[PDB]
Amino acid sequence: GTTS
Amino acid sequence: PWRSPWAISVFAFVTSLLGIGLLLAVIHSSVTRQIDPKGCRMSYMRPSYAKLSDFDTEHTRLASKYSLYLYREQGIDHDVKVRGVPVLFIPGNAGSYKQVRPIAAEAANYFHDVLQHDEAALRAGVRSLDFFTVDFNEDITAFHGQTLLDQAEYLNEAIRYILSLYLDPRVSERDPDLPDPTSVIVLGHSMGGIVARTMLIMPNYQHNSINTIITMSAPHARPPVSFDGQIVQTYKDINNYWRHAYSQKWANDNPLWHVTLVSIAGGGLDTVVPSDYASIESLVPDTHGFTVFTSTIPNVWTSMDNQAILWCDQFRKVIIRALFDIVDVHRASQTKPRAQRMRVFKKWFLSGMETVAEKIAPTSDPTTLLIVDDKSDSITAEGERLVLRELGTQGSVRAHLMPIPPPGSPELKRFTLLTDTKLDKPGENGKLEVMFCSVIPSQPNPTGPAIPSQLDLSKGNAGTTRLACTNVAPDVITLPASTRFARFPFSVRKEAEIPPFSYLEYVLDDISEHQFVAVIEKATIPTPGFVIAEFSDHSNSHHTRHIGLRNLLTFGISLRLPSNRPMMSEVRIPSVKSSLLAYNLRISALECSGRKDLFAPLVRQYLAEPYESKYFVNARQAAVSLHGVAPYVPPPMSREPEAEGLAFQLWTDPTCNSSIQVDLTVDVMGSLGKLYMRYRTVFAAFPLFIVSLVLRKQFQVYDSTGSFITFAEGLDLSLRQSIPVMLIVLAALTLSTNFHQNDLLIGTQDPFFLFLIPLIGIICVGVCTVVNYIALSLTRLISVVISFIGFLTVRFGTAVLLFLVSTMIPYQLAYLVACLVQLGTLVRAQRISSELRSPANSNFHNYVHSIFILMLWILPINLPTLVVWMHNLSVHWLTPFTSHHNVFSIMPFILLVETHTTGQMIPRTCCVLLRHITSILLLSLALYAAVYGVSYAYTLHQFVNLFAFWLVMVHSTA
Ligand SMILES: *NCCOP(=O)(O)OC[C@H]1O[C@H](O[C@@H]2[C@@H](OC[C@H]3O[C@H](O[C@H]4[C@H](O)[C@@H](N)[C@@H](O[C@@H]5[C@@H](O)[C@H](O)[C@@H](O)[C@@H](O)[C@H]5OP(=O)(O)OC[C@@H](COCCCCCCCCCCCCCCCCCC)OC(=O)CCCCCCCCCCCCCCCCC)O[C@@H]4CO)[C@@H](OP(=O)(O)OCCN)[C@@H](O)[C@@H]3O)O[C@H](CO)[C@@H](O)[C@@H]2O)[C@@H](O[C@H]2O[C@H](CO)[C@@H](O)[C@H](O)[C@@H]2O)[C@@H](O)[C@@H]1O
Ligand SMILES: CC(C)CCC[C@@H](C)[C@H]1CC[C@H]2[C@@H]3CC=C4C[C@@H](O)CC[C@]4(C)[C@H]3CC[C@]12C
Ligand SMILES: CCCCCCCCCCCCCCCC(=O)O
C-alpha cells in the first residue's frame, strides 16, 4: 500500500 | 503539642505502604501476566476522502461542527459517485473519521478483484459498498452525554442525506431497475456503536433506516465511566429501549424486530474498553444478535486492542466477507432478511460449534449420485474409525463408506471428521470430498430429474449400488492447524500461514435419515494429507468435573483422559465462571509410540456465553483467562446446566494409543491483575470514602477538644476504629427481573469476592496518603517559590463571581478556579503557621488542608467537562448553560473558598445537634461514595456541594  | 503535617504514624504508614504495594502488584501483573499473543497483521492501502460539503447547516445545525466524508480507495474509486450499498462508519471516543481506512479499502479491493467479475453474485443482488465516514472533530464522547446526543442527531440527518444521494443522477450510477435505498449499514467503533444504538431512539430517527448494526469493542452493557449524568441517562434510555422492545410478544409492537446487532469484542488485549461491557445478552435475543470475541472468529483467532480491531488484516477480510454476504440491492433495505443475516453472521463470525449453529447438509438436497460395487469393499464395519495416513495410495478415485449406527442406543452419539485437506464443494474436482449418502431404491421410485446431481462411477461391478449423496461442505468447521511447527492459531506473516484444518461434528439424530458417510478420496498420486472420521459415545468423549471453587483454588483439577479416548474430548468445569480468576492449563506429552502423530494436540478453551473461544495449537501449556461473570454487568440469562462454566475441547491423534493428562491450577498473580479493567473506575469515587471518614474524625476531635488534627493523624485515628467498621458495613450491605442489581459497591454480591472490599479500602488508604503528601509537597513548593521571589526582590532591590457563572462560564471552570484559590489560601495558611507556630494557626492550616483534599478528590469528576468545553470553543461551538444548575452547583464552594480567604476558622461545635449533623453528613458521604460511586460518580459533586454548604452555614453561625 501507500499508507498503513 | 505541635504535630507536623508531614509526620505519619507507623500504623498508617505501613497500611499505606501495603495499599501502594497492592496497587503496583495489580497494575504490574495486569500488563505482564496472562497476556494474549498479538497476531494482527498490518494492513496497507491508498486512502482518499471526499468531503460531502453539500451536507451543510441547511440540513442540520451541527453541520457547522461535524463533517461527512465518502471514502474513495485509489486504484478502485475513480470518481465521487455512489454505485453500491451505503455503509456508515462511526468513530469512537476521540476517534478519527480516517479509521475507516482499512475496512473500506478491503471492501473496495475485494469487489474489484473478485465480486465485480462474479456474474452470479451480481445477479443475486451484490454491489460494492460505499463507505461513508463521519468527522466528529475527535469528540470526547465517553465523557459527555450531550456530545453523544448531538452525534446521534447529526447522524440521523446524515443518513437522510446519504439516502438522498442515491436519487441524484449526477452522483449515483446504479441499475435503473433497482429499488431506492432506504437503509444504511452502520459499523461503529467503541462509543461509535453506542451512538448507533442511540440513533434509533432519537426523535429525528427515520423508521427502517437502520437494520444492521455491527459494533467493534463497544461498551453496550455499561458506560465506561459515569462522570456525566447524561451518559448514564442515555445508557438507561437505550438499554431500556432494547429490553422493552424485544420483550414484546407481537412483532408489530417491536420497533427493533428487523434490527440485528452484532457486538465484536477485542478481548483481553483491549485495555481501553473492558470486553465485559460488550456483552449484549441482556439486550438482544439470540435471534437478533450475539456477542463474539475476535479469538473465536475463524481465520482470525487472535485478541486485539481497541485500535487494532479496525486495521487488523485478518479481521478486516472476515468482516468484509460477512458484509458482502448480507447485501441485497434488490430490496430497498439493502440487505437480506433478518434471519438470513443472522445465519450469515453466525457462519462468518462464530466457530460453528455453538448450540445456535445450524446444520445444512443433513436436510439439504442431494448433489451427487454415486455408483459403488456390491462387494462392500468400500463399506466398513461399524465402530471402526477411518484413518487415512496419506491421500492417493491406490492411484484411483476411492470411496470410503462408513455406515451410520442405528439410533436404538439410548446414549447420544456423534460423528466427527478431522482433516487437514480442503473439502471439495459440490460439483468440484479436488483432493477430497465428504458427503452423506442415502441408498437409492432399486425400484424406479418417482422423483425429480436430479439434474444438479452429478455422477461418480466407482463400482465397475454388477452391484453398481446407487447412492444419492449430499456434500457436507456447507457445514465445515474451520479449526486452526495444530501441526508440531505451529505456535499460535494465527500467523502475523501471511507467507507462513498454515492452511487450517477441516472439522465436521454431527449428532446422530441429525444424520440418522442417511445410510452412509462417504469419504471420497479423489487423489491418485500419494499426496500429504490425513483424514480421521469416527462415531463416538457422549460418555466416552465428554467429562464434567463437579469440583467446588474452594477445592479447585486449593488443589486444582487433574484428569487422565484414557488412550481409547475419541479424537475429540471435552472437559467441562462448571465452577469456572468468574472473569476475575485466571488459571494455568497443562496438557501432558502425547508419547506416540512407534510413529509420529497425524497432528499435534489442539485445545479449544470456550464459554457458552458470550461466544468467547480461544485456541491453543500444539497445546502443552496454556494461560486460561475467560470473560465470564463480570462485576458490574447485568446478570447472565438462564442457561442449561450443561452449558455453565468453562469447557475445554481437546483434539488429539487417536491412533497413538497413549493416555493424556490435563491439569488446571489457579494463577494467583494473573487473577490479581484481572482486577484492573474491572475496578479502575472505583478510584474516582471510593477514595472519597476514606477522605470523608478522615474529615469526620478531624471534626469529631475538633468539636470535643478544639484541636484540628492533621490529615495523617486523623487517618491514623480512623484506621483504628472508624474505617474498619465501615468496611464491615459495606460487606454486610453487599450481602443484602432487575437489570441494575450489579451496579452498586463491588458489583459482585457473590460472597466469594468479599475480600475485594478490604482490598479496595486498603489501596484507597494508600492512595489517599500519597495524595496527601503530594498536596503537602505542592504547598511547600509554591511557598518556596514565593520566598525565593521575595529574596530576589530584597537582595536586588469579590461579590461579582455570581454574574460570571450565570452567563458563559460552566461551573467546572469555576470549580477549577476555586481549587486554585483554595491552594493559594493553603499556601498562606502554611506560611503563617510556619512563621508563628501558634495552636490557632495550626488549626486553620489543618482545616484548610483537609477541605482542599476534599475538593481535590472531586476535581477528577469535573475535569472531563472542562476539556470538552475548551475543545468546543476551539471549534467555535457554543453550548448554553442553565443558570439555575450552574449557580447552585458552584455557590457553596465559592462561599467556602471566600470564607477561607478571609482567614476565619470553622466555629467549633441544640449545639450537640449541630455537632452530630457534621458527623452524619460525612458518614453519609463516605457510604454514598462507596455504594453509588462507580455507577453514579456524577452525583458526588452535588453531595460534596451540600457538605460545603453546611460548612458555610457553620461558618455563618459565628
Ligand atoms: N494501515 C492502517 C492502520 O493505521 P495506523 O493506525 O497508522 O496503524 C497502526 C499503528 O498503531 C500504532 O500507532 C497509532 C497510529 O495512530 C494513527 C492514527 O491516529 C489517529 O487516530 C487515533 C486517535 O486520534 C486517537 N484519539 C486514538 O483514538 C482512539 C479511538 O480511535 C478509539 O475509538 C477510542 O476508543 C480510544 O481508544 C481512542 O484513544 P484515546 O483517545 O487515547 O483514549 C484512550 C484513553 C482515553 O482516556 C484517557 C483518560 C481517561 C481518564 C482521565 C480523565 C479524568 C481522570 C483523572 C483526571 C486528572 C486528575 C488530576 C487532578 C486530581 C488529583 C487526584 C485527586 O483511555 C485509556 O487509556 C483507558 C484507561 C485510562 C487510564 C486509566 C486510569 C485509571 C487509574 C486507576 C487504576 C487503579 C486500578 C485499581 C485496581 C485495583 C482494584 C482492586 O487512537 C487513534 C489511533 O487509531 C488518526 O490520525 P489523525 O486523524 O491524523 O489524528 C491525529 C491526532 N493524533 C488515525 O487516522 C490514525 O490511524 O500512530 C500513532 C503515532 O503517529 C500512534 O500514537 C497510534 O497509537 C502503532 O502500532 C501499534 O498498533 C496497535 C496499537 O495502536 C498495536 O496493536 C500494535 O502492536 C502497535 O503497538 C503504529 O506502529 C501502527 O502503525
Ligand atoms: C504510601 C507511602 C509509600 C508513602 C509515600 C509518600 C512519601 C513521599 C512519604 C512517606 C513517609 C514520608 C516522610 C515521613 C516523615 C517525615 C518527617 C517530616 O518532618 C519531614 C518529611 C518526612 C521525611 C516525610 C517525607 C515524605 C515521605 C517519605
Ligand atoms: C480518578 C480516575 C480513576 C477512575 C476512572 C478510571 C478511568 C478509566 C478509563 C476509562 C475511559 C476510557 C476512555 C475511552 C472510552 C471508549 O473509547 O469507549
# chains A, B, ... in the order shown; residues from 1 in each chain; ligands from 1

call {"tool": "residues_near_ligand", "arguments": {"ligand": "ligand 3", "cutoff": "9 Å", "atoms": "only C-alpha atoms and all ligand atoms", "output": "ChimeraX atom specification"}}
result
/B:92-95,140-143,189-192,194,217-219,223-227,271-274,306,677,679-685,857-861,934

call {"tool": "write_last_selection", "arguments": {"atoms": "C-alpha atoms", "output": "PDB file, in the first residue's frame"}}
result
ATOM      1  CA  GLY B  92     -15.342   6.282  18.938  1.00  0.00           C
ATOM      2  CA  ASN B  93     -14.088   8.412  21.826  1.00  0.00           C
ATOM      3  CA  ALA B  94     -11.619  10.859  20.256  1.00  0.00           C
ATOM      4  CA  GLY B  95     -11.503   8.645  17.175  1.00  0.00           C
ATOM      5  CA  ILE B 140     -14.708  13.100  23.833  1.00  0.00           C
ATOM      6  CA  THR B 141     -17.892  11.062  23.598  1.00  0.00           C
ATOM      7  CA  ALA B 142     -17.470   8.758  26.598  1.00  0.00           C
ATOM      8  CA  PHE B 143     -17.189  11.714  28.992  1.00  0.00           C
ATOM      9  CA  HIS B 189     -16.176   1.565  16.929  1.00  0.00           C
ATOM     10  CA  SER B 190     -16.185   1.972  20.738  1.00  0.00           C
ATOM     11  CA  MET B 191     -18.598   4.825  21.611  1.00  0.00           C
ATOM     12  CA  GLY B 192     -19.411   4.825  17.857  1.00  0.00           C
ATOM     13  CA  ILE B 194     -23.273   3.318  21.357  1.00  0.00           C
ATOM     14  CA  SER B 217     -15.380  -3.061  21.043  1.00  0.00           C
ATOM     15  CA  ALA B 218     -18.431  -1.053  22.074  1.00  0.00           C
ATOM     16  CA  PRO B 219     -19.476  -0.906  25.756  1.00  0.00           C
ATOM     17  CA  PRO B 223     -20.968   3.224  30.492  1.00  0.00           C
ATOM     18  CA  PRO B 224     -17.156   3.155  30.537  1.00  0.00           C
ATOM     19  CA  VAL B 225     -17.091   5.942  33.135  1.00  0.00           C
ATOM     20  CA  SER B 226     -20.036   7.580  34.883  1.00  0.00           C
ATOM     21  CA  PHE B 227     -18.609  11.083  35.266  1.00  0.00           C
ATOM     22  CA  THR B 271      -7.361  -2.122  27.678  1.00  0.00           C
ATOM     23  CA  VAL B 272      -9.481   0.914  26.785  1.00  0.00           C
ATOM     24  CA  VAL B 273     -12.965  -0.640  26.866  1.00  0.00           C
ATOM     25  CA  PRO B 274     -13.427  -3.719  29.079  1.00  0.00           C
ATOM     26  CA  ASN B 306      -9.312  -1.232  20.884  1.00  0.00           C
ATOM     27  CA  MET B 677     -10.179  -3.395  33.897  1.00  0.00           C
ATOM     28  CA  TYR B 679     -12.159  -1.838  39.166  1.00  0.00           C
ATOM     29  CA  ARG B 680     -10.172   1.070  37.723  1.00  0.00           C
ATOM     30  CA  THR B 681     -13.184   3.401  37.908  1.00  0.00           C
ATOM     31  CA  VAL B 682     -13.563   2.705  41.636  1.00  0.00           C
ATOM     32  CA  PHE B 683     -10.760   5.212  42.181  1.00  0.00           C
ATOM     33  CA  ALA B 684     -12.623   8.312  41.074  1.00  0.00           C
ATOM     34  CA  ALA B 685     -15.180   7.750  43.843  1.00  0.00           C
ATOM     35  CA  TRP B 857     -10.776  14.373  45.157  1.00  0.00           C
ATOM     36  CA  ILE B 858     -13.859  15.743  43.385  1.00  0.00           C
ATOM     37  CA  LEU B 859     -11.828  17.612  40.743  1.00  0.00           C
ATOM     38  CA  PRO B 860     -11.296  14.393  38.664  1.00  0.00           C
ATOM     39  CA  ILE B 861     -15.037  14.160  38.032  1.00  0.00           C
ATOM     40  CA  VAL B 934     -18.887   3.562  40.415  1.00  0.00           C
TER      41      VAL B 934
END

call {"tool": "residues_around", "arguments": {"residues": "residue 851 (chain B)", "least_positions_apart": "2", "cutoff": "12 Å", "atoms": "only C-alpha atoms", "output": "ChimeraX atom specification"}}
result
/B:691-692,694-696,698-699,710-711,772,775,818-819,822-823,825-826,844-849,853-858,893,896-897,900,905-906,944-945,947-948,951

call {"tool": "write_last_selection", "arguments": {"atoms": "C-alpha atoms", "output": "PDB file, in the first residue's frame"}}
result
ATOM      1  CA  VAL B 691     -11.315  11.078  52.887  1.00  0.00           C
ATOM      2  CA  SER B 692     -14.811  11.612  54.292  1.00  0.00           C
ATOM      3  CA  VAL B 694     -10.852  11.178  57.960  1.00  0.00           C
ATOM      4  CA  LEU B 695     -12.602  14.554  57.852  1.00  0.00           C
ATOM      5  CA  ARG B 696     -15.233  13.066  60.142  1.00  0.00           C
ATOM      6  CA  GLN B 698     -10.916  15.557  62.325  1.00  0.00           C
ATOM      7  CA  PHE B 699     -14.204  17.324  63.044  1.00  0.00           C
ATOM      8  CA  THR B 710      -3.588  16.810  60.759  1.00  0.00           C
ATOM      9  CA  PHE B 711      -4.912  14.670  57.932  1.00  0.00           C
ATOM     10  CA  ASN B 772      -1.969  13.988  50.953  1.00  0.00           C
ATOM     11  CA  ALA B 775      -0.611  18.263  48.326  1.00  0.00           C
ATOM     12  CA  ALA B 818     -11.952  27.673  43.278  1.00  0.00           C
ATOM     13  CA  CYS B 819      -9.453  24.841  43.709  1.00  0.00           C
ATOM     14  CA  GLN B 822      -8.007  27.236  47.809  1.00  0.00           C
ATOM     15  CA  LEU B 823      -4.418  26.249  47.016  1.00  0.00           C
ATOM     16  CA  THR B 825      -5.215  30.051  50.770  1.00  0.00           C
ATOM     17  CA  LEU B 826      -3.429  26.846  51.764  1.00  0.00           C
ATOM     18  CA  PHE B 844      -6.554  26.768  60.384  1.00  0.00           C
ATOM     19  CA  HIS B 845      -3.826  25.191  58.275  1.00  0.00           C
ATOM     20  CA  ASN B 846      -5.042  21.666  59.012  1.00  0.00           C
ATOM     21  CA  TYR B 847      -8.682  22.579  58.368  1.00  0.00           C
ATOM     22  CA  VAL B 848      -7.929  24.355  55.092  1.00  0.00           C
ATOM     23  CA  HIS B 849      -5.733  21.454  54.001  1.00  0.00           C
ATOM     24  CA  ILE B 853      -8.114  17.442  49.876  1.00  0.00           C
ATOM     25  CA  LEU B 854     -11.893  17.043  49.730  1.00  0.00           C
ATOM     26  CA  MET B 855     -12.075  19.471  46.798  1.00  0.00           C
ATOM     27  CA  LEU B 856      -9.149  17.790  45.058  1.00  0.00           C
ATOM     28  CA  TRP B 857     -10.776  14.373  45.157  1.00  0.00           C
ATOM     29  CA  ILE B 858     -13.859  15.743  43.385  1.00  0.00           C
ATOM     30  CA  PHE B 893     -17.763  26.155  47.039  1.00  0.00           C
ATOM     31  CA  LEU B 896     -16.498  28.366  51.362  1.00  0.00           C
ATOM     32  CA  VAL B 897     -13.374  29.445  49.489  1.00  0.00           C
ATOM     33  CA  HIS B 900     -11.295  30.671  53.911  1.00  0.00           C
ATOM     34  CA  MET B 905     -11.559  29.146  61.178  1.00  0.00           C
ATOM     35  CA  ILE B 906     -14.632  26.905  61.303  1.00  0.00           C
ATOM     36  CA  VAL B 944     -19.880  17.414  48.360  1.00  0.00           C
ATOM     37  CA  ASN B 945     -21.532  20.685  47.340  1.00  0.00           C
ATOM     38  CA  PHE B 947     -21.419  19.414  52.571  1.00  0.00           C
ATOM     39  CA  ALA B 948     -19.684  22.652  51.562  1.00  0.00           C
ATOM     40  CA  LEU B 951     -19.674  24.213  56.286  1.00  0.00           C
TER      41      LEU B 951
END

call {"tool": "residues_near_ligand", "arguments": {"ligand": "ligand 2", "cutoff": "8 Å", "atoms": "only C-alpha atoms and all ligand atoms", "output": "JSON, numbers by chain"}}
result
{"B": [4, 5, 6, 7, 8, 13, 14, 15, 16, 17, 18, 19, 20, 21, 766, 767, 769, 770, 773, 774]}

call {"tool": "residues_around", "arguments": {"residues": "residue 3 (chain A)", "least_positions_apart": "2", "cutoff": "7 Å", "atoms": "only C-alpha atoms", "output": "short mmCIF file (atom, residue, chain, number, x, y, z; two decimals) with N, CA and C atoms, in the first residue's frame"}}
result
data_model
loop_
_atom_site.label_atom_id
_atom_site.label_comp_id
_atom_site.auth_asym_id
_atom_site.auth_seq_id
_atom_site.Cartn_x
_atom_site.Cartn_y
_atom_site.Cartn_z
N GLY A 1 0.85 -1.20 0.00
CA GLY A 1 0.00 0.00 0.00
C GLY A 1 0.88 1.24 0.00
N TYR B 44 -2.21 -2.25 4.59
CA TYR B 44 -1.78 -1.09 3.83
C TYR B 44 -2.77 -0.79 2.73
N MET B 45 -2.96 0.49 2.44
CA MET B 45 -3.94 0.92 1.47
C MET B 45 -3.57 2.30 0.95
N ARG B 46 -4.36 2.79 0.00
CA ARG B 46 -4.16 4.11 -0.58
C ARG B 46 -5.37 4.97 -0.25
#

call {"tool": "interface_residues", "arguments": {"of": "chain B", "to": "chain A", "cutoff": "10 Å", "atoms": "only C-alpha atoms", "output": "list in words"}}
result
residues 42, 43, 44, 45, 46, 47, 74, 101, 102 and 311 of chain B

call {"tool": "closest_residue", "arguments": {"among": "B:170, B:885, B:674, B:604", "to": "ligand 1", "atoms": "only C-alpha atoms and all ligand atoms"}}
result
B:674

call {"tool": "residues_around", "arguments": {"residues": "region 634-639 of chain B", "least_positions_apart": "4", "cutoff": "8 Å", "atoms": "only C-alpha atoms", "output": "ChimeraX atom specification"}}
result
/B:221,281-282,629,643-644,739-742

call {"tool": "residues_around", "arguments": {"residues": "residue 876 (chain B)", "least_positions_apart": "5", "cutoff": "12 Å", "atoms": "only C-alpha atoms", "output": "JSON list (two decimals) with N, CA, C and O atoms, in the first residue's frame"}}
result
[["chain", "number", "residue", "atom", "x", "y", "z"],
["B", 62, "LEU", "N", -25.73, 21.09, 13.39],
["B", 62, "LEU", "CA", -24.44, 20.56, 13.79],
["B", 62, "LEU", "C", -23.46, 20.45, 12.64],
["B", 62, "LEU", "O", -22.28, 20.16, 12.88],
["B", 64, "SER", "N", -22.09, 22.72, 11.02],
["B", 64, "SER", "CA", -21.00, 23.68, 11.17],
["B", 64, "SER", "C", -19.89, 23.12, 12.04],
["B", 64, "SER", "O", -18.78, 23.65, 12.03],
["B", 65, "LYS", "N", -20.17, 22.06, 12.78],
["B", 65, "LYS", "CA", -19.23, 21.44, 13.69],
["B", 65, "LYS", "C", -18.75, 20.07, 13.23],
["B", 65, "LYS", "O", -17.60, 19.73, 13.45],
["B", 66, "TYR", "N", -19.61, 19.30, 12.57],
["B", 66, "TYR", "CA", -19.28, 17.96, 12.12],
["B", 66, "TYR", "C", -19.24, 17.91, 10.59],
["B", 66, "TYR", "O", -19.78, 18.78, 9.91],
["B", 137, "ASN", "N", -14.66, 15.67, 14.91],
["B", 137, "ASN", "CA", -13.61, 16.52, 15.48],
["B", 137, "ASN", "C", -12.92, 15.88, 16.67],
["B", 137, "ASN", "O", -12.39, 16.57, 17.53],
["B", 868, "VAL", "N", -13.96, 19.19, 27.20],
["B", 868, "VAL", "CA", -15.00, 19.27, 26.18],
["B", 868, "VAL", "C", -15.33, 20.72, 25.86],
["B", 868, "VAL", "O", -15.48, 21.10, 24.70],
["B", 869, "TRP", "N", -15.46, 21.55, 26.89],
["B", 869, "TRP", "CA", -15.79, 22.96, 26.69],
["B", 869, "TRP", "C", -14.67, 23.69, 25.96],
["B", 869, "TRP", "O", -14.93, 24.48, 25.04],
["B", 870, "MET", "N", -13.42, 23.44, 26.34],
["B", 870, "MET", "CA", -12.30, 24.08, 25.66],
["B", 870, "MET", "C", -12.22, 23.64, 24.20],
["B", 870, "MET", "O", -11.98, 24.46, 23.30],
["B", 871, "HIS", "N", -12.45, 22.36, 23.94],
["B", 871, "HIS", "CA", -12.48, 21.86, 22.58],
["B", 871, "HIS", "C", -13.59, 22.52, 21.77],
["B", 871, "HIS", "O", -13.37, 22.93, 20.62]]

call {"tool": "atom_distance", "arguments": {"atom1": "CA of residue 725 (chain B)", "atom2": "CA of residue 689 (chain B)"}}
result
12.5 Å

call {"tool": "closest_residue", "arguments": {"among": "B:914, B:662, B:504, B:31", "to": "ligand 1", "atoms": "only C-alpha atoms and all ligand atoms"}}
result
B:31

call {"tool": "atom_distance", "arguments": {"atom1": "CA of residue 891 (chain B)", "atom2": "CA of residue 804 (chain B)"}}
result
11.5 Å

call {"tool": "select_by_dssp", "arguments": {"residues": "region 327-363 of chain B", "states": "helix (DSSP H, G or I)", "output": "list in words"}}
result
residues 338, 339, 340, 341, 342, 343, 344, 345, 346, 347, 348, 349, 361, 362 and 363 of chain B

call {"tool": "atom_distance", "arguments": {"atom1": "CA of residue 107 (chain B)", "atom2": "CA of residue 328 (chain B)"}}
result
15.5 Å
